[PDB]
Amino acid sequence: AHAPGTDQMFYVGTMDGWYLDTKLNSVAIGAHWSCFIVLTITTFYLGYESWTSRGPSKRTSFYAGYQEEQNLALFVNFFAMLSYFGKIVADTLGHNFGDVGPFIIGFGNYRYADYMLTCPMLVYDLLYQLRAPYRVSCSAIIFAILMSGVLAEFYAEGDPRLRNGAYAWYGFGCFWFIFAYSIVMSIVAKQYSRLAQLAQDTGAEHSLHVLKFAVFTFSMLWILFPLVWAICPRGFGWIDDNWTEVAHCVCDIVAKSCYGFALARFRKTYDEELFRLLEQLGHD
Amino acid sequence: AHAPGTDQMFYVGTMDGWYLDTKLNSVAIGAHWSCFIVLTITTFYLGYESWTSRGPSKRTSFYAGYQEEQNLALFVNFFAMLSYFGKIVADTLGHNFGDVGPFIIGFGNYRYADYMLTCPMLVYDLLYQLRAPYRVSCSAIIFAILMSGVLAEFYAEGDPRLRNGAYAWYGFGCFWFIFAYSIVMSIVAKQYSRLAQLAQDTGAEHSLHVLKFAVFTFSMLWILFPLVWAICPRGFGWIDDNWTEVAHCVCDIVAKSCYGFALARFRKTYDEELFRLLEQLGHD
Amino acid sequence: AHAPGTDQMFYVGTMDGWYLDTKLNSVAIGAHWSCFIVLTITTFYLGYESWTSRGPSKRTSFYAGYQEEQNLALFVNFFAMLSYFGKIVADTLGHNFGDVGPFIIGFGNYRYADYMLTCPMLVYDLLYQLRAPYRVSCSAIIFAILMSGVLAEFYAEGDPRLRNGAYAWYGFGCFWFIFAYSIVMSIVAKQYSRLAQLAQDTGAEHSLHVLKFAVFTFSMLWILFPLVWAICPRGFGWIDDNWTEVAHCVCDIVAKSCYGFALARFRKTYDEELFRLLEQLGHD
Ligand SMILES: CCCCCCCC/C=C/CCCCCCCC(=O)OC[C@H](COP(=O)(O)OCCN)OC(=O)CCCCCCC/C=C/CCCCCCCC
Ligand SMILES: CCCCCCCC/C=C/CCCCCCCC(=O)OC[C@H](COP(=O)(O)OCCN)OC(=O)CCCCCCC/C=C/CCCCCCCC
Ligand SMILES: CCCCCCCC/C=C/CCCCCCCC(=O)OC[C@H](COP(=O)(O)OCCN)OC(=O)CCCCCCC/C=C/CCCCCCCC
Ligand SMILES: *C/C=C(C)/C=C/C=C(C)/C=C/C1=C(C)CCCC1(C)C
Ligand SMILES: *C/C=C(C)/C=C/C=C(C)/C=C/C1=C(C)CCCC1(C)C
Ligand SMILES: *C/C=C(C)/C=C/C=C(C)/C=C/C1=C(C)CCCC1(C)C
């Protein structure tokens, strides 16, 4: 696209940039391949667990089939895998893939477009494991945050005269994210405290460690994406391009693969009375 | 974009128009600022009410947290605020924002793209207050109507040879809107009549006035948007550009801020028996 | 859009192609008109049935109003009609409509963009009639399949150097589709077998034929779209353009109009005990 006052051509958000040669080196391609392989493996494992998923009483034939919330995390991984497959194709075809082409929600040819479909699922699943209140609201807040990030990317990659708008959108996102983060942490802490005071002088003591570790670590590890934005060329620029791709791949692996594996481990050790305690949690 | 048979350049739906200088005067900018401020204030107030929301029995700790339908209206305002924030940034950066750039659902850089995410929420919330039937169906109809409006905008702002298609889409939308409007009015009337015959010789007589006023006024006041389309330059052209922005800001304020404030007022006076009557309404 | 190394201009995904003259002959226009008329008729009939829809006990006033799953199929037809109306306008205005213009989910100006909104509804409705498990999961799989098809279309209609990516995406879609197809067939078979062993020595024997025919035929007839893709110019090229439009119109008619009519016929003959059997089906 052309801009007034200059002859420079800007390829962001246009089909012209879709046909440009790729700007990535071998490191980014290797990171994309590794993330795709890991996501495929985790998707297959979660699908296998969902198929052979007896209930907490180990009596229901298809427990995840009738109560599909247990499949929610699986969905994330599956869609995440899709969001990487296209990337892989790009590195095989040698054409540009960064912030060019059509805007499709759930497809990661834009920086935060793929997260806009899976992040609410992640927040809902994390809050649902403790039967916490304010599940859909946090998902809506996260959806708005990712929309703000997408607009920040559009403003950052465009005409220089409209560069400060990127910072403005980033600030908006950060403000609301801080609010949501604090709320989520408080809610999680309260819920876990109640669970700890419900399981006193009672078994299932080992599974509580796994649940606590998973929920707390994978709720606190969401600060990585704003820090990456701060250090990427859109911010300070401490790490150049082709290294923010590796950082995003590592963040996606930690946020999705490890979280799904932790939930799979937790669902393999809990039993009826802990399920009843979890049900009692969401009653007050 | 270029068009056959002419050298004229059309900037609708392109990234070229995203970098163009703004066409708005100070009045439209002031209207955008006022609407953003009002939406921010209402979002904060609704969030505060949702946090300190005891149930109708005034016993539940987090009533809106576990039954999140009460938060629905809040969501609208929040997203509406987002849809204006970007607009604000545009007026600060001095670049064009009308029907240019990427197409993101829920972002108001296109005329009716932002309404496509919040209008079904508004219809569902309005029909849910009376426990009325046909809630999701009306939301789907409204979603289709806003899609028709978006396509009408695309046809209107494009090549002149394809201008009549705008009118065609407008007609489609109007037809279905008339159908939905009649259906909604009938349903609301019937439900309120039943409520009036359920609360006879019973208290809670003051809150019925507030509920009736809110539901009836904010269901009838949806005719304003087709009239604005009729009088805007896309239709007759009685009011020029930079004044349809003020009209849309006023319509958004009335449809969202006042509706949320009215529901907040209603939820502050009703009690257990009116809640039981509302539950009895959705049983037949 | 321009591509490096050549002066050829590619109109896919651009606003430039929106203003180009139409490439369709009279046969494609007639097929579009026939499909639009059929979808309009079925939408009106399904709306009439939904309005005058007594329950299985023939006692509830608005059965579909309070339990809106019965309206789900109707929604499909309605949206399908919208997806054709715009097409009709294009043939009246004489401008290009194939894979050009804005990308709107649910609007069929791209090949598989309209199916991405109605196909999950179709899968959920088909699996819900037997109270089968894994309803939302199959809908998500189908949504991913249609996204893969859309990306395949983008790669196929673009620069020749990036043509093999179309095949790659097609393969991805086919793989996952095969998985989903097998799963769906197995589930349906098991559910129907249980229903057959629940209605033994019991009436409602005529409605079982209609249910079996509808579910089995309209689950098996989903293989037509991959075969059309295989034989269309994007694949082997056995049938040229302007004949894949007729094939897609016929496939849409069979998949939506006939399915809705079959469900309407089935809902006109079943009664209380078959409803209780259907409820018993989803319990194990
Ligand atoms: C603006 C965007 C905000 C996004 C906020 C939402 C974030 C995502 C929320 C995910 C919600 C859960 C998705 C899966 C639904 C599964 C629910 C379910 O199976 O149970 C519900 C219910 C109760 O069954 P039980 O009694 O447990 O059965 C036991 C008897 N054998 O049964 C049903 O399945 C009824 C259907 C309810 C769900 C209907 C489908 C809703 C789908 C919504 C979209 C989900 C994806 C959201 C993606 C967002 C991308 C922007
Ligand atoms: C083609 C688009 C058509 C759009 C049609 C839909 C319009 C919007 C409809 C909004 C539906 C309501 C959204 C909020 C869901 C909250 C429901 C809820 O909290 O209760 C449901 C249920 C029952 O709980 P109770 O028994 O009341 O709890 C008491 C025990 N302590 O609990 C649950 O939350 C289960 C989850 C159900 C909801 C799952 C999430 C669904 C989200 C769908 C998308 C919503 C946004 C739609 C935006 C549309 C934009 C195009
Ligand atoms: C990533 C995309 C994956 C898509 C997966 C989802 C595929 C579509 C699933 C469709 C789910 C059903 C849609 C219609 C919801 C209607 C449910 C309903 O009416 O009952 C639910 C419930 C129970 O009522 P009963 O007790 O039966 O009432 C009897 C008392 N008189 O009541 C409610 O309506 C509560 C609200 C629940 C539904 C909330 C709305 C959810 C809308 C989700 C989006 C649907 C469209 C999806 C389009 C997908 C396009 C990508
Ligand atoms: C699997 C992916 C996950 C969990 C992604 C999470 C992403 C965020 C929490 C992103 C946050 C952002 C901001 C707070 C500010 C603006 C930009 C973002 C998108 C990096
Ligand atoms: C907060 C915003 C609200 C409630 C918006 C409501 C908008 C409408 C009812 C719009 C209707 C339209 C038509 C009936 C015809 C075609 C164009 C529209 C979009 C103006
Ligand atoms: C009403 C429309 C319906 C039921 C459409 C169904 C479409 C499919 C099952 C399409 C499948 C595809 C693949 C399996 C591979 C890639 C391309 C598609 C989109 C043709």
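Below, chains carry the letters A, B, ... as their sequence lines are ordered, and counting in each starts from 1. The basis for the numbers below is simple: all heavy atoms, side chains too, and nothing from hydrogens, waters or symmetry mates. All ligand and atom numbering here is 1-based and tracks the order in the structure.
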Protein heavy-atom partner closest to atom 20 (C) of ligand 6 - residue, atom, separation in Å: C/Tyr112 OH, 3.4 Å
Starting from atom 17 (C) of ligand 5, find the nearest protein heavy-atom neighbour and note its residue, name and distance. B/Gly149 CA, 3.8 Å
So C/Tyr84 and C/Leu39, do their side chains get closer than 4.5 Å, heavy atoms only? yes
Any residue meeting side chain to side chain contact (heavy atoms under 4.5 Å, CB included) with B/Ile105, in chain and number order, not counting sequence neighbours: B/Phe103, B/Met116
Which of parallel (below 30°), tilted (30 to 60°) and perpendicular (above 60°) describes B/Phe85 and B/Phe36? tilted
Indicate the ring-plane relationship of C/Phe225 and C/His248, choosing parallel, tilted or perpendicular according to the 30° and 60° boundaries. tilted
I'd like to check which ligand 6 atoms, numbered from 1 as shown, lie under 4.0 Å from a non-hydrogen atom of [X].
X        : value
C/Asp252 : 1 (C)
C/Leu122 : 1 (C), 4 (C)
C/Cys119 : 2 (C), 3 (C), 4 (C), 5 (C), 6 (C)

Can you list the ligand 4 atoms lying under 4.0 Å from a non-hydrogen atom of A/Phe177? 9 (C), 14 (C)
Within a distance under 4.0 Å of any heavy atom of A/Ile145, pick out the atoms of ligand 4 and give their elements. 11 (C), 12 (C), 13 (C), 14 (C)
Identify which of [options] has a heavy atom lying nearest to [atom].
atom                    : options                                : value
atom 2 (C) of ligand 6  : C/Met147, C/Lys256, C/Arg111           : C/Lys256
atom 7 (C) of ligand 5  : B/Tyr259, B/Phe225, B/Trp229           : B/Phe225
atom 15 (C) of ligand 5 : B/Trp222, B/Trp169, B/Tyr170, B/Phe218 : B/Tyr170

State which residues pass ring-ring contact (aromatic ring centres under 6.0 Å, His included) with A/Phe261; sequence neighbours excluded, sorted by chain then number. A/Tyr45
Centroid-centroid distance, B/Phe154 to B/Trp169, less than 6.0 Å: no
Between A/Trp229 and A/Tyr170, is the ring centroid distance below 6.0 Å? yes
Are any of the heavy atoms in B/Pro226 under 4.0 Å away from ligand 5? yes
A/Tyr259 side-chain N/O to A/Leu126 backbone N/O, donor-acceptor pair under 3.5 Å: yes
